[PDB]
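Here's a solo chain for you in structure tokens, the form deposited in one PDB entry.
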């Protein structure tokens, strides 16, 4: 049979299956319309996205991953899929929400890059407004009652901060992120996307992450310490804020966790020390490392 004949057959079968083997069918459809004949992707979105209402948590997670795959193949499909992603971000099941956060961590920066590289249509403008509101909703999930949602939100917020601040000449950018958009590549006179608002949004997101640090679990705290170390190295204009946050933590959780948290904090502070932007703050970082009980030998080794 032809590829589209096989896709129709599979989708019809998936609609009748009453257990998670329907995911096996949908993954076969995904391979056929994303990889075998990518021109079919557009033709079958409605049929796959219909499964977003399925009672199975695993099926709804599959639909979020499919949205991510579809937008990775063709970012213009975000016009057709962002509202569906928004509904999944609002799911009552926390594992579906966590997956939606993971996907937004991948998709927000790709959406922004598309808006900037694009003249921008009314549909793109409306799409952007929704992406921006969804990003804002994930910042609010730093206050989730669910521990795992908070951890996922921290990593989304880390990405948001870095995306919405400029690269510096001493930024240490992970290879995997070398091609990602950053604020320095957003024009000041774009017709819809407002550079000043994005600058303020990145700063405000950092403020939220710093407020978060004083709310949370040990894993939330150490995830945030690590995100802050990444921010300081990737966006060294925030070095001061990060060091101040670390100083605040140390000056102020079950006491049993202190050794573990302090070890993590030492490791991240040492990683910040190793970056050449730490020079301005060397005395400050040094004093803190000593007060955290870091041996002189270890401090010297982690100099830039």
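Whichever C-alpha set is largest while still superposing within 1.5 Å between the two forms counts as the rigid core. Positions refer to the first chain, counted from 1.
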Superposing the other structures by the rigid core, the farther-displaced stretch by RMS over CA atoms in 5 other deposited structures of this protein, of 78-86 and 229-237, is 78-86
RMS Cα shift after core superposition in 5 other deposited structures of this protein, winner of 26-34 and 267-275: 26-34
With residue 118 and residue 119 adjacent in the shown sequence, let me know how many deposited residues between them lack coordinates: none, 1 to 3, 4 to 9, or 10 or more. 1 to 3
Our gap detector needs a label for residue 259 to residue 260. Which class matches the unmodelled residues of the deposited sequence there: none, 1 to 3, 4 to 9, or 10 or more? none
Give the stretch, out of 203-211 and 166-174, with the larger mean C-alpha temperature factor in the deposited entry. 203-211
Look over 1-9 and 295-303 in the entry and identify the one with the greater average Cα temperature factor. 295-303
Check the PDB entry and point out which of 55, 266, 235, 250 has the largest C-alpha temperature factor. 250
Per the coordinate record, which of the options 26, 272, 32, 67 holds the highest CA temperature factor? 272
In terms of its chain's C-alpha B-factors, the third that includes residue 189 is the highest
Could you place residue 179 in the lowest, middle or highest third of its chain by Cα temperature factor, using the values in the record? middle
Can you work out whether the C-alpha temperature factor of residue 131 puts it in the lowest, middle or highest third of the chain? lowest
Sorting the chain's modelled residues by C-alpha B-factor and splitting them into thirds places residue 82 in the middle
For residue 59, does the deposited CA B-factor place it in the lowest, middle or highest third of the chain? lowest
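A second form of this protein, the form solved in complex with a partner chain, is not displayed here; the remarks below concern that form.
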Just checking whether residue 201 would be counted as a contact of the partner chain in the deposited complex - the rule being heavy atoms within 4.5 angstroms. no
Although the partner chain is absent from this view, report whether residue 264 comes within 4.5 Å of it in the deposited complex, heavy atoms only. yes
Given that the partner chain is not shown alongside this chain, does residue 240 nevertheless sit within 4.5 Å of it in the deposited complex, heavy atom to heavy atom? no
Contact of residue 91 with the partner chain in the deposited complex (heavy atom, 4.5 Å): no
Would you mind picking out the stretch of 203-211, 132-140, 188-196, 170-178 that comes within 4.5 angstroms of the partner chain in the deposited complex, counting non-hydrogen atoms? 170-178
In this chain shown alone, the residue from 252, 39, 259, 35 with a heavy atom within 4.5 Å of the partner chain in the deposited complex is 259
The listed residue (84, 223, 124, 163) that reaches within 4.5 Å of the partner chain in the deposited complex by any heavy atom is 223
